[PDB]
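Trainee: give the three-dimensional model of this entry:
(7 chains, ligands or ions: 7)
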Amino acid sequence: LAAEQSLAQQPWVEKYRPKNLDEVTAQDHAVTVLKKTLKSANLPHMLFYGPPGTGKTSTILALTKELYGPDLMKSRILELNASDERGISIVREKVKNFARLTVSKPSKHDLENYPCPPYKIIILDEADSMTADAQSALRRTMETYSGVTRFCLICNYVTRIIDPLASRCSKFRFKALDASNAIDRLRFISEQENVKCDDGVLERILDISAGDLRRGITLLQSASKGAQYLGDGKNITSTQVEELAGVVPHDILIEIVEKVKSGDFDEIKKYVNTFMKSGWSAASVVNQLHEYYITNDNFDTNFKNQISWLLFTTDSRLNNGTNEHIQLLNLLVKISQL
Amino acid sequence: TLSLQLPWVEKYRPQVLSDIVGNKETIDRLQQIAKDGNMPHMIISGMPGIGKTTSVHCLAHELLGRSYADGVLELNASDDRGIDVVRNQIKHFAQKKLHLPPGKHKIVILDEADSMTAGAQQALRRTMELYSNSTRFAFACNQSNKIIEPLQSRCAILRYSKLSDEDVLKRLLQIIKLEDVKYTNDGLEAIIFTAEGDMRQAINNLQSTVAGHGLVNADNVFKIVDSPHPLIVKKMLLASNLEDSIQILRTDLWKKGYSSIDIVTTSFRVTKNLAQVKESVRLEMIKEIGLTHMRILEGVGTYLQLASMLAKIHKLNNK
Amino acid sequence: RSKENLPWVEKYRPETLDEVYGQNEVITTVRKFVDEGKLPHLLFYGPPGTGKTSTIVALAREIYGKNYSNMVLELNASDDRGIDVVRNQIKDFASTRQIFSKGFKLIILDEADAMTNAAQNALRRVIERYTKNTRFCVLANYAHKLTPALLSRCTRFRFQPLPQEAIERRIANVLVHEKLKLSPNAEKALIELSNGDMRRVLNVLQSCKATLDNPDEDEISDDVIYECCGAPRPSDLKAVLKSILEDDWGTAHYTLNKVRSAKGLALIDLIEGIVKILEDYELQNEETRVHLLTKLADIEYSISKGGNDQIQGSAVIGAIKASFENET
Amino acid sequence: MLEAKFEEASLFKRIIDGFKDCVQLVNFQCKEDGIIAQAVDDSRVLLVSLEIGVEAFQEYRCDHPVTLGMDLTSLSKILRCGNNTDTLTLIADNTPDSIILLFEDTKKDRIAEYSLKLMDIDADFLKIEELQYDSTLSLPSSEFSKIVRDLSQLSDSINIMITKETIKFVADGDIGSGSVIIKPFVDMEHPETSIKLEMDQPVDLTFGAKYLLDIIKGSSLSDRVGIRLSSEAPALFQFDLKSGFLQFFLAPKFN
Amino acid sequence: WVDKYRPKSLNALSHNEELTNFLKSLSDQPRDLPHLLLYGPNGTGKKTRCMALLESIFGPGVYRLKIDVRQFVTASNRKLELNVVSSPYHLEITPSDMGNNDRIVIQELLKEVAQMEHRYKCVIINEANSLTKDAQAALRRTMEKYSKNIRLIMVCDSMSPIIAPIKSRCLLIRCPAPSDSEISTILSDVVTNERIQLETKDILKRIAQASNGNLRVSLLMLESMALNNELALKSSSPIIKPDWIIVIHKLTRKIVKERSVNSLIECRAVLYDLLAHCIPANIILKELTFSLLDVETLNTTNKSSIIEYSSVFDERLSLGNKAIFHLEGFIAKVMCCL
Amino acid sequence: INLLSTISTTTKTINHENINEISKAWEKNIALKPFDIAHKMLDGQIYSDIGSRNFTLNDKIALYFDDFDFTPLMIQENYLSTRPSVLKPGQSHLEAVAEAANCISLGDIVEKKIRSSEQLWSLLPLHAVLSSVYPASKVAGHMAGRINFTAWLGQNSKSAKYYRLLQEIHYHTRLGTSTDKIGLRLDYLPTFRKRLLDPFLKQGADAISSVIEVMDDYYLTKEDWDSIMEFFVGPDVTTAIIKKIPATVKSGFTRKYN
DNA sequence: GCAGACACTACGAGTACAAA
Ligand SMILES: Nc1ncnc2c1ncn2[C@@H]1O[C@H](COP(=O)(O)OP(=O)(O)OP(O)(O)=S)[C@@H](O)[C@H]1O
Ligand SMILES: Nc1ncnc2c1ncn2[C@@H]1O[C@H](COP(=O)(O)OP(=O)(O)OP(O)(O)=S)[C@@H](O)[C@H]1O
Ligand SMILES: Nc1ncnc2c1ncn2[C@@H]1O[C@H](COP(=O)(O)OP(=O)(O)OP(O)(O)=S)[C@@H](O)[C@H]1O
Ligand SMILES: Nc1ncnc2c1ncn2[C@@H]1O[C@H](COP(=O)(O)OP(=O)(O)O)[C@@H](O)[C@H]1O
Ligand SMILES: [Mg+2]
Ligand SMILES: [Mg+2]
Ligand SMILES: [Mg+2]
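Mentor: Numbering: from 1, shown residues only, chains lettered A, B, ... in the order given. Ligands and ions are numbered 1, 2, ... in the order given. Take a look:
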């Protein structure tokens, strides 16, 4: 009862964390394999790799709950994130000791109700952060002890994982969560929290999220809280969602394109300064610039080929932690010269 | 089976100083010291498998006669060679009293001496001089730079060189005659070529070829021992056209199982060791392979990145 | 358990030297070595999942018998790579005799490419001194990590990536042991996607048996393989490349977005398929190849670090379009 | 279930101390006849074969064969967590997991319950080869431990030679050499101090000093130790207990 | 003084009413609050808005701050000391004071608070841009696991440094910089209460235009004028620029006037003088680039090349420990361009 | 002595015929001082067509590897103080200097990747080329003045000390000031000067109390005052100003604060 | 039983990291 109320009053990201494997909205190609492996007891070594907010952790926390049961999961599960040191020592001392230990004794209740497979799952969240030495140490630790332990590694980028480690693990790619596949789940959450929306609000939330369900849930919760504070009783509108999602208004983007059209460095610099006097994030500006330029059919193919590469370079630099103003000005000036 | 035969490397190890083929001047000097006596402190440096341990052991045996059991002290990298061994084992061995032939003295052989700790090397400096009347220290190491200069000062520096193909051919022919192995000139030439002056590798490859296939021929030797990786790397780097180099990378390296890190590192080494290409071009290609090496070490190791590296190198060569 | 509750990668681990396929040269040469008794110091170097550990374990089983786990010193060099191990465990094992039966001793060093330089510099004389009674086996993915000295005392065997015949034979054995069927085109897709690794084919086969509604009455088609792995179908790759090459930008964007969204295809997989196909092409000028390869490498490296998927896809489209615009 | 009670809780402590240093991981297999243990060192040079019998326990009950895998270091601590004037109880459930060790003294009512997590050790060869050794000798444990500890200081290798009614222990090192020669003598007034030696063929073989120093650690169990030697066979150093024995199979060095 | 007049409640906020209303909407029901990431131009006033929101959630003792020192040990035996600014209902952590050991304080101290547990204590990460990517990846799972006890509010100036998973995990609240009108109104209230005689009111607008949206800078400049004009601002009062600004301006004059390696000598000397005196290199790069762009003599080609080289070397600096190695390269490339 | 002892065993006459081989076999390979590495690295003869054959690229990598902690810094310090002699036709000194600086920036990136949590020491040969060999080859020639030592170390230590001092003042002022470390130095310190030192410059010895007040408004100490007055640069440098306030005002200020 | 007496194990500070 206490846990039910606690989860009932928590962020909607955590309130609606999938308790079971069926609640996973669109990653069927992995949860189906896990569901059929529930019947058997031959869980492979697994590497969950995909974009953030796709559902790797939720899937791996529902799988253990279904396989072992609530009470027994604590005994048969070892979870290690990047918040814990994961050098060679914590691979050769903590992980190896956990693997060497015999499987915990299932109780009668767990055996009658839950499948209780004869192994334990080690969940390594953010395995990409681990150094190559620790992964090389884990290489044979997973192998020789596969009888009593199973290894799951969750990584945002599969390239960080060393080649033999990824070779041993079954690779599960969690697909991006666009509108088409996750609209049902978003509408489910909205209906459970009595959120009143216009026709395209949920779909628009999903498009701004760009493959991340967690961002969509956060945006929906923010919009719902704003609407409840307003007290009007109307519905959240798409423009409200765009305002709350850090999306540059179409008027300001249009003004930006008009300034790029007139190739004056001083005017572009002044408008860029005035624009950066607002917290319009440069990445969200480059995304909308790409949408406008590429989607529009009034631009030549050669111009599109050049501008796509320019936007790609700007995104690559902006994802490295540089100054947003300088990169945005460089991009706009180079498009003006185009 | 239960028992195994001796490798020809150890079975046919030279037991007298005359059997050692290469580096004639140093070996003749060691024979002259062997006959006369009074061997000074020495540091033997060179490349693997050109007879450095064997030379010092032939010298020590011939000097000490029947007293090799007590007068000679082995210390190897496999043992504990910290400052403790200098304080406790080396010092006690050097202080020991032992009656020897009039010219000969007790001998300390420190094999793999390049791995000695700085503290131990510094502590050995006074043990070398104080007890030199009774004991003579001998060092053998691949790199003479690792041994401290104060130690280098007190000893004669003998530097061994890579063995010429002729001497390797002579030694292999002698082993061929003793072991009655069937051979062809092409097979022997391939063995020397693959060994690249490393006589140890030459003998090991010869014995492996004889065991696996039974005849020393070019085909059998090349089957049991691959053609050198740096050679195919150099051929890929020095290709005239991009497509040819891509074909070499695809067929000879990627399809044959060589890992991307290996290709990039060997490309860097071949580039820095190349001579025909001018230094500026070599440096710029080195920069491109450095970028590629960073990408590979960051986890992105694919045929695409190597192909882009070759494309950049060809652009650099094509002005 | 009964070795049946284990992953197919582990349950189908070879136990005899006759169950290792692909590396027929190495297996035959090593079998002849051990039969005549002139077994040298071995260095098996090769890519992951090519069967080096299985080969050496089966060799130990053949030479020593069933009790090979007490009479062979198998050391995971990743777990213990210090010089203390060389001084204490390795040297004591090599020097002494055997507690079980008379014979020589074998030391199997797994993942010795992680061994520290001091440890290898210590072992280069442990190998030499005790060659009368012991032999050393060194397993390596990367030979550049290993010291040059340790690469001259060991006879070298390279493990090639697994060809079509051996991998196909192993799939045949697996579908015989289970109750499964594989379509010829699906088997072709499995081989193409394997990249020479039996671990990949075993894992994908287990997953494809899992995704079937019921095994032993349904077949595993190419659709099953591609969906379970998530790899792009050749038709999708060809359609995306054709749309990029010979049509306007808008429908090229439409085709890429629709192909990615409908099947959940990732961008990097599409890039790899496209670069493979374009490498299969014949191109009139070198500049096209140079620009195309360099650019796609740049987008791939940027994708590895994350970012905006749409921007990278548009960059790929523009790069291909400009590179083939150089072909006019 | 397993419920095995030692009257002398210090007995199990002493046996466990006997081979805690040699090996860390052990599989105590409890059957109806008693607890039997076999283990191999990391260097794979020494084998330890404990055989405890039913007579040792006050009350021994083993419903079905059970294997308990454990680490010697933690179990040694747990045994040291008990008083001398205590009785010990090993308790194991139907499924082997988290063995319970239970120390009681009822003279002053005190209970001490401890747990030890089991560990999955795959190696269960469980085989020894009884052989007709070339020589069988028996000497007091104190004398043999004294000799081994004093010859270990000269070198790391100790050579044992068995000849016609002669036992020789040699140690040649860098600071010098040493050699002790003993003869088999039978003493009527005090039987425990006698030396027995039955030889079929003279033996000459060497051991390492560290392993001998670790074997002689079992001298606290029995007052007399037997040594079985043979030509290229694992030397048998046996300490006979009241109900069973503790035997070290050592592998001699190669000439 | 800026300290003399700082809003202490949401109802006292005077600029960007939209943000104020959004903060009251979030504070309406505080039992359901996702983690926050405030971002925008420096000097906007985001920290004050965080404090006002915190005051609306908890009681008005949120401003009773106390400094405490918590000693920690790193991977080596070296000892680090962090001063934690704390309140009965919240705490503040600024990783930027440490170097690469920030992960430690992120992984231990935060978790400690989670072990300790108006059921949540807010932790304010004042400097999250300086947070190492490894430290952010360590905070990644602490963010989700302990969401019922710890709720983060992270203050930022640029979102680009922060990795994607963190941005996904927290609600993004933009802070637009106040336009010149609200800055002028605040300055008018300040001069009214501080009794600064004003010849006219155009001085306040000039100060607003000379600060580029910064309210801290505007108020401090107002005080600096009041200390040079005897608390009586005149029409011709020269605007006080901080020392580093004049140094960068003189560096720009030297660069444009003297395009020689001998001039590069003095440019490196000036850069060393700036760097050794507690000035970040990225800010120097930004100011120098914009000052170079503002010089009238150069043609558009030179300005475009300058912005391109500035972007490239800004990326280089973002991926480089030694700051001067990239700043001198930027200056040399600019001098070569001219 | 040992050379003669060893060589005289076989060859009884050491003359001009064999001296070359004796030198080539017995030459001492001593790690050069960083000044010598800088001198040889920035030498025109080394990177010429003829000189490259005598001193191969591998030898230049070895020169870097002699001291891998200072040669990158020495080259960075003394690559702009040389008269070049390998300028390509159509290139000035400034272009070569800019290319060298770009290469040093790339080498700094490589060094950070080498010397960070990833510890990619396998890039050490690459860091040899990008940081030292390539820029020196770009600006190779004669040494114009003297070879100076790396100034980066001293200014880095100075920056660390000033950062520490700024941390103390910032944490002292934290309870009032809503800022970060950098913002304080950027904005407040220029204003803090006008309220701390300028009253001593203008109104006189009666400013102490007022100064003390603002001091006590932010928990500043006398050491804090001395530290704040040491952070200004360029026009607003206070080192000469603090000398020109008469000693009476200083003594009264310290006495009143105490 | 109670106190030292070497001897083993745990802790802490310093240094080097490549290629041939
Ligand atoms: N497939 C999904 N179905 C339903 N809800 C989901 C799904 N994926 C994400 N969510 C929601 O988003 C929250 C976070 O999901 P996570 O599994 O932690 O995302 P993630 O894959 O771990 O991303 P990381 O940890 O940054 S790599 C969950 O608690 C759900 O509320
Ligand atoms: N010059 C030589 N003449 C004859 N056999 C040689 C010669 N050089 C090497 N060998 C063979 O190679 C084996 C190894 O010789 P060593 O001297 O031990 O090698 P090394 O030169 O000391 O290099 P290491 O051992 O890697 S430091 C010898 O036992 C011979 O079989
Ligand atoms: N040649 C082969 N024949 C049959 N099965 C194979 C073969 N190679 C790999 N496998 C399968 O793949 C599994 C892994 O084999 P391993 O030998 O452990 O891989 P590896 O060669 O050691 O590569 P590593 O461990 O990454 S260095 C085996 O248990 C088999 O199921
Ligand atoms: N509504 C407001 N009224 C008065 N002053 C404000 C207001 N908003 C911001 N400020 C001023 O802005 C200054 C700096 O704000 P701060 O929160 O430190 O910015 P940041 O956190 O972005 O660095 C404060 O000194 C404060 O006086
Ligand atoms: Mg997660
Ligand atoms: Mg040698
Ligand atoms: Mg393996």
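Trainee: ranges for the strands of the chain?
Mentor: In the absence of a named chain, this looks at chain A. A:46-49, A:77-80, A:120-124, A:149-155, A:170-173 (DSSP state E).
Trainee: try chain F instead
Mentor: Counting by DSSP E, the strands of chain F are F:82-84, F:141-143.
Trainee: deepest-packed of the ones you listed, please.
Mentor: strand F:82-84 (a mean of 19; mean count of other C-beta atoms under 10 Å in any protein chain shown). To be clear about C-beta, it is placed using only N, CA and C from the backbone, and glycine gets the same treatment.
Trainee: contacting residues for the residue lying closest to residue D:64 once chain neighbours are set aside?
Mentor: Counting by C-beta to C-beta, 6 or more residues apart in numbering or on different chains, residue D:94 is the residue found nearest to residue D:64 once chain neighbours are left out, at 7.7 Å. Residues near residue D:94 by C-beta atoms under 8 Å, 6 or more residues apart in numbering or on different chains: D:1, D:63, D:64.
Trainee: now swap in residue D:100 and tell me
Mentor: Residue D:100 makes contacts with D:89, D:90, D:91, D:92, D:113, D:114, D:115, D:116, as judged by C-beta under 8 Å, 6+ apart.
Trainee: give the bridge partners for it, please.
Mentor: Beta bridges link residue D:100 to residue D:91, residue D:115, judged by DSSP bridges.
Trainee: looking at the stretch 201-319 of chain B, which residue is nearest DNA strand G?
Mentor: At 3.6 Å from DNA strand G, residue B:269 is the closest residue in the stretch 201-319 of chain B, using C-beta to the nearest atom of the strand.
Trainee: not counting sequence-adjacent ones, nearest residue to that residue?
Mentor: Nearest non-adjacent residue to residue B:269 (C-beta to C-beta, 6+ apart): residue B:230, at 7.0 Å.
Trainee: tell me the spacing between residue D:105 and residue D:84.
Mentor: In this structure, residue D:105 and residue D:84 are 10 Å apart, going by C-beta to C-beta, to the nearest Å.
Trainee: ok, residue B:67 next?
Mentor: Residue B:67 is 58 Å from residue D:84, where distance means C-beta to C-beta.
Trainee: what does residue C:306 give?
Mentor: 65 Å.
Trainee: quick one, which of the two is more surrounded?
Mentor: residue C:306 (16 against 9; other C-beta atoms under 10 Å in any protein chain shown).
Trainee: what about that one, which SS state?
Mentor: coil (DSSP: H, G, I helix; E, B strand; the rest coil).
Trainee: for the nearest residue to it once chain neighbours are set aside, the count of nearby residues, please.
Mentor: Among residues not flanking residue C:306 along the chain, residue E:164 sits closest, at 5.9 Å (C-beta to C-beta, 6+ apart). Residue E:164: 19 surrounding residues under other C-beta under 10 Å.
Trainee: right, is stretch A:139-146 up against chain C?
Mentor: Yes - counting by C-beta under 8 Å from any C-beta of the partner chain, chain C is contacted by stretch A:139-146 at A:139, A:140, A:141, A:143, A:144, A:146.
Trainee: so what's the residue count around the fourth one?
Mentor: What it means is residue A:143. As a burial measure, residue A:143 scores 18 neighbours (other C-beta under 10 Å).
Trainee: one more: the fifth one?
Mentor: If you count neighbours by other C-beta under 10 Å, residue A:144 ends up with 15.
Trainee: over to the second one?
Mentor: Counted by other C-beta under 10 Å, the residues lying close to residue A:140 total 19.
Trainee: beta-bridge partners for the nearest residue to it once chain neighbours are set aside, please?
Mentor: Of all residues not flanking residue A:140 in the chain, residue C:76 sits nearest, at 4.6 Å (C-beta to C-beta, 6+ apart). With DSSP bridges as the criterion, residue C:76 is bridged to residue C:110.
Trainee: residue contacts, residue C:76?
Mentor: Residue C:76 touches A:140, A:141, A:144, C:110, C:111, counting by C-beta under 8 Å, 6+ apart.
Trainee: surely the first one meets residue C:108?
Mentor: No - using C-beta atoms under 8 Å, residue A:140 is not in contact with residue C:108, being 11.4 Å away.
Trainee: please report the distance of residue E:79 from residue E:98.
Mentor: Distance from residue E:79 to residue E:98, by C-beta to C-beta: 12 Å.
Trainee: how near is the closest residue to ligand 1 within chain A to residue C:262?
Mentor: Scanning chain A for the residue nearest ligand 1 gives residue A:55, at 2.9 Å (criterion: C-beta to the nearest ligand atom). Separation of residue A:55 from residue C:262 (C-beta to C-beta): 20 Å.
Trainee: thinking again about what came up before, and the residue of chain A closest to ligand 1, how far is that from DNA strand G?
Mentor: 40 Å (C-beta to the nearest atom of the strand, to the nearest Å).
Trainee: ok, now which ones touch that residue?
Mentor: A:18, A:24, A:25, A:27, A:174, A:177, A:213.
Trainee: of those - the most surrounded one?
Mentor: residue A:177 (28 neighbours).
Trainee: surely it touches residue A:24?
Mentor: No - when contacts are counted by C-beta under 8 Å, residue A:177 is not listed as touching residue A:24 (10.5 Å).
Trainee: ok, residue E:143 - contacts?
Mentor: Counting by C-beta under 8 Å, 6+ apart, residue E:143 has contacts E:35, E:152, E:166, E:169, E:170.
Trainee: and the next helix or strand past the helix or strand hosting it?
Mentor: Assessed by DSSP states H and E, residue E:143 sits inside helix E:133-145. Next helix or strand after helix E:133-145 toward the C-terminus (DSSP H and E): strand E:150-155.
Trainee: need the contact partners of stretch E:299-315.
Mentor: A:265, A:317, A:320, A:322-323, A:326-327, A:329-330, A:333-334, A:337, E:282, E:285-286, E:289, E:292-293, E:298, E:326-327, E:329-330, E:333-334, E:337-338, F:105.
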